[PDB]
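A short write-up of the structure that comes next.
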Amino acid sequence: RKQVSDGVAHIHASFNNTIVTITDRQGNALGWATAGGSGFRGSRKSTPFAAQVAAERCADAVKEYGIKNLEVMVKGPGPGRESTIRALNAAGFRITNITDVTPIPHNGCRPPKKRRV
Amino acid sequence: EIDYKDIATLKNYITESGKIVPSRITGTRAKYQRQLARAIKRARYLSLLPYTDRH
Amino acid sequence: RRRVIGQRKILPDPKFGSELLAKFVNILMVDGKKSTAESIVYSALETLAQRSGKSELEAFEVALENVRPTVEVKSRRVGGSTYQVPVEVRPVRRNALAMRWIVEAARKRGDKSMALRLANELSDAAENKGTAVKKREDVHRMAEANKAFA
Amino acid sequence: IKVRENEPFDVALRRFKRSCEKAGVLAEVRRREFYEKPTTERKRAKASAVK
RNA sequence: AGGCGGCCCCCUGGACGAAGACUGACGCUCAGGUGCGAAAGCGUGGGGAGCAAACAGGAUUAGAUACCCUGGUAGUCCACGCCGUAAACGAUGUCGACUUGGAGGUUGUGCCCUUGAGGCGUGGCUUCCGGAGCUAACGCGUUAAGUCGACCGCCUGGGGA
């Protein structure tokens, strides 16, 4: 459509996959990518590593909107919730602020099944 | 002063995550901490606080 | 469970004091005979000087550097089924593998005179085609996929 | 959860992990424990001066 | 007892206190009786977002009418009744009095500049350790499995039941 030079980057992390979607203030997506859709399967799809590729695949789909400065919003408990922030900061962007919608730690879920020392 | 229904008093007993603080900084002499921790939850229903910071 | 054993420096060459050449004869040694390597040593560099050999300051040390191993792996485990991981090799290993890669690439098909089969490979060691390069890229296409969960 | 702090870079150092509470170095847990030790060692015994 | 939980205003049994007053053994337990439900189920109609026996499919395996994954009915909820069973567990039947200790709470009431992060008394509760006592040994320990008494039920090797 027409460039806007401002928006929000939403990182939504599940125990199997990670979604990276950039939105405008009118309440819609500009660009989306996922850790699975970045060519990852099984125990690789559920990594913080596959989420770092999703930032550069979202950067390839938001190209039309003229955005260089954006703020971050983190969602979900999954393993991709931290690793991809600094990778998006390396994809041709500047991060103005960081926020999250994390509950306080009482829900538990997914013991690590890996090392750990 | 001396009551929980004033936000400039109330904000001294809670965090930037909506949580209640330890007794060591409430001035309750460790004897009214139980009642103050309930008065802070009562402030949510008096339109002074949101029910959780994440919403 | 810790090997790491001793310390072994080996001897240099008797004619110029070379450390690389005195090691390269230990790759061409077969049946415990070093004489067969001394028929290939200097003669490959002098046969390169019949086709393309320009400058000899390092002899063949830069052909062994244009030959570039990168796709070495190890196996990681916590029980039965294992997980492959790539490894960043030391220059002493990178050199030891490059010395086999080129003499095994020169042995790939049967022909006359190993000094001449190696000179044909050293004339290629300025552009590196087919042998010692086409298998590398076909396994390097997993080199980051085998880092994902460490 | 905090950690909203705007560093564009991953740091090559430990700053908040494995050294303060819930193990290691402080508040150690499991990895073999001893139960006669608290009913054996009560007062020093050494440190004045070994040298 | 089972268990009880967002807040706000109600309806309401019990318990605890201080000064007085009025009773004058009114104290304990109880054969057979007479009564409480966590969850799931039923009797009758409503209500139906999660979720979920069954149902309906997929995967796995040589097989899988199971695990696991994807959909999903009864049910969960409300009224008027039924079911009366549980780790109902603190594996500790029920009434009182008697008893060297340590450490931490909950709530009345008396006297004090509370000139004390309250203090010293006096009442009712309540938690983690620990010594005398108990005991096959584990476990109990002033809220005892201790100590001295009152009362009601059951057991006598297990399989078979």
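If you're matching them up, the sequences are chains AK, AR, AG and AU in order. Counting in the entry's author numbering, the first sequence runs from 12 upward without gaps. Counting in the entry's author numbering, the second sequence runs from 19 upward without gaps. Counting in the entry's author numbering, the third sequence runs from 2 upward without gaps. Counting in the entry's author numbering, the fourth sequence runs from 3 upward without gaps. Just so you know, even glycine gets a beta-carbon here, dropped at the ideal spot from N, CA and C.
Original post:
Taking 7 Å as the CB-CB cut-off, is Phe26 of chain AK touching chain AG?
Top reply: Looking up residue 26 of chain AK in the first sequence gives position 15. No, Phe26 of chain AK lies away from the interface with chain AG (no Cβ there is under 7 Å from its Cβ).
**OP:** Starting from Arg97 of chain AK, find everything on chain AU with Cβ-Cβ shorter than 9 Å and list it in chain order.
**Re:** Here residue 97 of chain AK refers to the residue found at position 86 of the first sequence. The answer, in chain order, is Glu9, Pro10, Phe11, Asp12.
Original post:
Quick one: does the C-beta of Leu99 of chain AK sit closer than 6 Å to a heavy atom of the ligand GTP?
Top reply: Of the ligands one can find in the structure shown there are none, so the ligand GTP has no counterpart to examine.
**OP:** Determine the chain AK residues that contact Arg72 of chain AR at a beta-carbon separation under 9 Å, and present them in chain order.
**Re:** Counting from 1 along the second sequence, the entry for residue 72 of chain AR is found at position 54. Within 9 Å Cβ-Cβ: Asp111, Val112, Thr113, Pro114, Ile115.
**OP:** Using beta-carbon positions only, say whether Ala149 of chain AG and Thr58 of chain AK come within less than 7 Å of one another.
**Re:** Here residue 149 of chain AG corresponds to residue number 148 of the third sequence, with the count starting at 1. Here residue 58 of chain AK corresponds to residue number 47 of the first sequence, with the count starting at 1. Result yes, Cβ atoms of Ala149 of chain AG and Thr58 of chain AK sit closer than 7 Å.
Original post:
CA-CA distance, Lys79 of chain AK and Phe11 of chain AU?
Top reply: Walking along the first sequence from the start, residue 79 of chain AK turns up at place 68. Walking along the fourth sequence from the start, residue 11 of chain AU turns up at place 9. Answer to the nearest angstrom: the Cα atoms are 18 Å apart.
Original post:
Can you check whether the CB of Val83 of chain AK is closer than 7 Å to the CB of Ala20 of chain AK?
Top reply: Here residue 20 of chain AK corresponds to residue number 9 of the first sequence, with the count starting at 1. Here residue 83 of chain AK corresponds to residue number 72 of the first sequence, with the count starting at 1. It is a contact, given that the beta carbons lie within the stated cut-off.
Original post:
What do you reckon, are the CB atoms on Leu99 of chain AK and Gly18 of chain AK nearer than 7 Å?
Top reply: By one-based count along the first sequence, residue 99 of chain AK stands at place 88. By one-based count along the first sequence, residue 18 of chain AK stands at place 7. Taking 7 Å as the Cβ cut-off, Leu99 of chain AK and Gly18 of chain AK do not qualify as a contacting pair.
Subject >> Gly42 of chain AK in three-state terms, based on DSSP >> reply: The sequence position of residue 42 of chain AK within the first sequence is 31, counting from 1. Three-state DSSP puts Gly42 of chain AK in a strand.
**OP:** Indicate whether at least one CB of chain AK lies closer than 7 Å to the CB of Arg6 of chain AU.
**Re:** Stepping through the fourth sequence from its first residue, residue 6 of chain AU is reached at position 4. Judged by the 7 Å Cβ criterion, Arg6 of chain AU is in contact with chain AK.
**OP:** Give the residues of chain AG in contact with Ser54 of chain AK, contact being defined as C-beta atoms less than 7 Å apart.
**Re:** Position 43 of the first sequence, counting from 1, holds the residue named residue 54 of chain AK. What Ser54 of chain AK touches in chain AG: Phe150.
Original post:
Should the stretch 53-68 of chain AR be regarded as contacting the stretch 60-76 of chain AG, the criterion being three or more beta carbon pairs within less than 8 Å?
Top reply: no
Original post:
Do you know offhand how far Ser21 of chain AU's Cα is from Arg126 of chain AK's?
Top reply: Taking the fourth sequence and counting its residues from 1, one reaches residue 21 of chain AU at position 19. Taking the first sequence and counting its residues from 1, one reaches residue 126 of chain AK at position 115. Rounded to the nearest angstrom, the two C-alpha atoms are 17 Å apart.
**OP:** Tell me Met30 of chain AG's beta-bridge partners as DSSP assigns them.
**Re:** Counting from 1 along the third sequence, the entry for residue 30 of chain AG is found at position 29. According to DSSP, which records beta bridges pairwise, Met30 of chain AG is partnered with nothing at all.
**OP:** Check the Cβ of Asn100 of chain AK against every Cβ in chain AU and list those closer than 7 Å, keeping chain order.
**Re:** For this step, residue 100 of chain AK is matched to residue 89 along the first sequence. Here the neighbours are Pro10.
**OP:** Just confirm the distance between the C-beta atoms of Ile103 of chain AG and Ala133 of chain AG, as a whole number of angstroms; I'd bet it's less than 8 Å.
**Re:** To locate residue 103 of chain AG, count along the third sequence from 1; it is residue 102. To locate residue 133 of chain AG, count along the third sequence from 1; it is residue 132. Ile103 of chain AG to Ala133 of chain AG, Cβ: 6 Å. Contact.
**OP:** Measure the C-alpha to C-alpha separation of residue 2 of chain AK and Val5 of chain AU and round it to an integer number of angstroms.
**Re:** The first residue shown for chain AK is 12 and the last is 128, placing residue 2 of chain AK beyond what the model contains.
Original post:
Does the distance from the CB of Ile43 of chain AR to the CB of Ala55 of chain AR come in under 7 Å?
Top reply: Locating residue 43 of chain AR in the second sequence gives position 25, counting from the first residue. Locating residue 55 of chain AR in the second sequence gives position 37, counting from the first residue. No, the pair does not count as a contact, with Cβ atoms beyond the cut-off.
**OP:** Count the C-beta pairs between the stretch 80-89 of chain AG and the stretch 2-15 of chain AG that are closer than 8 Å, then say yes if the count reaches three, no if not.
**Re:** no
Original post:
Leaving out the 5 sequence neighbours to the left and right, which residues in its chain are closer than 6 Å to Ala102 of chain AK when beta-carbon positions are compared?
Top reply: The sequence position of residue 102 of chain AK within the first sequence is 91, counting from 1. Cβ within range, chain order: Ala66, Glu67, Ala70.
Original post:
Can you tell me whether DSSP reads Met143 of chain AG as helix, strand or coil?
Top reply: For this step, residue 143 of chain AG is matched to residue 142 along the third sequence. If DSSP states are grouped into helix, strand and coil, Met143 of chain AG belongs with coil.
**OP:** Following the continuous beta strand (DSSP E) through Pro87 of chain AG, name the residue where it begins and the one where it ends.
**Re:** Translated into positions along the third sequence, residue 87 of chain AG becomes position 86. Segment 84-87, the beta strand (DSSP E) holding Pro87 of chain AG.
**OP:** Give the straight-line distance between the Cα atoms of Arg95 of chain AG and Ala46 of chain AK, rounded to the nearest whole angstrom.
**Re:** One-based indexing of the third sequence puts residue 95 of chain AG at position 94. One-based indexing of the first sequence puts residue 46 of chain AK at position 35. Each residue's Cα considered, the two are about 34 Å apart.
Original post:
Who are the Cβ neighbours of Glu62 of chain AG in its own chain at under 8 Å, not counting the five residues just before and after it?
Top reply: Here residue 62 of chain AG refers to the residue found at position 61 when the third sequence is read from its first residue. Same-chain partners within the cutoff: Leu21.
Original post:
Counting along the chain, where does the alpha helix (DSSP H) carrying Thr37 of chain AG start and finish?
Top reply: Here residue 37 of chain AG refers to the residue found at position 36 of the third sequence. Per DSSP, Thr37 of chain AG belongs to the alpha helix (DSSP H) from 36-39.
**OP:** Use the C-beta contact count for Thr107 of chain AK: other C-beta atoms within 10 angstroms, 16 or more gives buried, fewer gives exposed.
**Re:** On the first sequence, position 96 is the one that residue 107 of chain AK refers to. It counts as exposed.
**OP:** Evaluate the contact criterion for the stretch 40-56 of chain AG versus the stretch 110-121 of chain AG: three or more CB pairs, one atom per stretch, below 8 Å.
**Re:** yes
Original post:
With distances taken between CB atoms, is the gap from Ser65 of chain AR to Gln51 of chain AR smaller than 7 Å?
Top reply: Within the second sequence, residue 65 of chain AR is the residue found at index 47, counting from 1. Within the second sequence, residue 51 of chain AR is the residue found at index 33, counting from 1. Against a cut-off of 7 Å, the Cβ pair of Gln51 of chain AR and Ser65 of chain AR comes out as no contact.
Original post:
For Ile22 of chain AK, does the count of other Cβ atoms within 10 angstroms reach 16, so buried, or fall short, so exposed?
Top reply: The residue you call residue 22 of chain AK lines up with position 11 of the first sequence. Looking at its Cβ environment, which holds 16 or more other Cβ atoms inside 10 Å, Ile22 of chain AK is buried.
**OP:** Determine the direct distance from the alpha carbon of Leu15 of chain AU to that of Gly26 of chain AU, and round the result to whole angstroms.
**Re:** To locate residue 26 of chain AU, count along the fourth sequence from 1; it is residue 24. To locate residue 15 of chain AU, count along the fourth sequence from 1; it is residue 13. Computed Cα separation, rounded: 16 Å.
**OP:** Using 10 angstroms around the beta-carbon of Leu41 of chain AK, count the other beta-carbons present and answer buried if the total reaches 16, otherwise exposed.
**Re:** By one-based count along the first sequence, residue 41 of chain AK stands at place 30. The residue in question, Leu41 of chain AK, is buried, as its Cβ has 16 or more Cβ neighbours within 10 Å.
Original post:
With a cut-off of 7 Å, does the C-beta of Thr58 of chain AK fall near any C-beta of chain AG?
Top reply: Translated into the one-based positions of the first sequence, residue 58 of chain AK becomes position 47. By this cut-off, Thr58 of chain AK is an interface position.
**OP:** For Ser41 of chain AR, name the three-state secondary structure that DSSP assigns.
**Re:** Position 23 of the second sequence, counting from 1, holds the residue named residue 41 of chain AR. In this structure, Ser41 of chain AR counts as helix in the three-state DSSP scheme.
**OP:** Give the straight-line distance between the Cα atoms of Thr41 of chain AU and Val13 of chain AU, rounded to the nearest whole angstrom.
**Re:** Position 39 of the fourth sequence, counted from the first residue, corresponds to residue 41 of chain AU. Position 11 of the fourth sequence, counted from the first residue, corresponds to residue 13 of chain AU. Going from the Cα of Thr41 of chain AU to the Cα of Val13 of chain AU covers about 44 Å.
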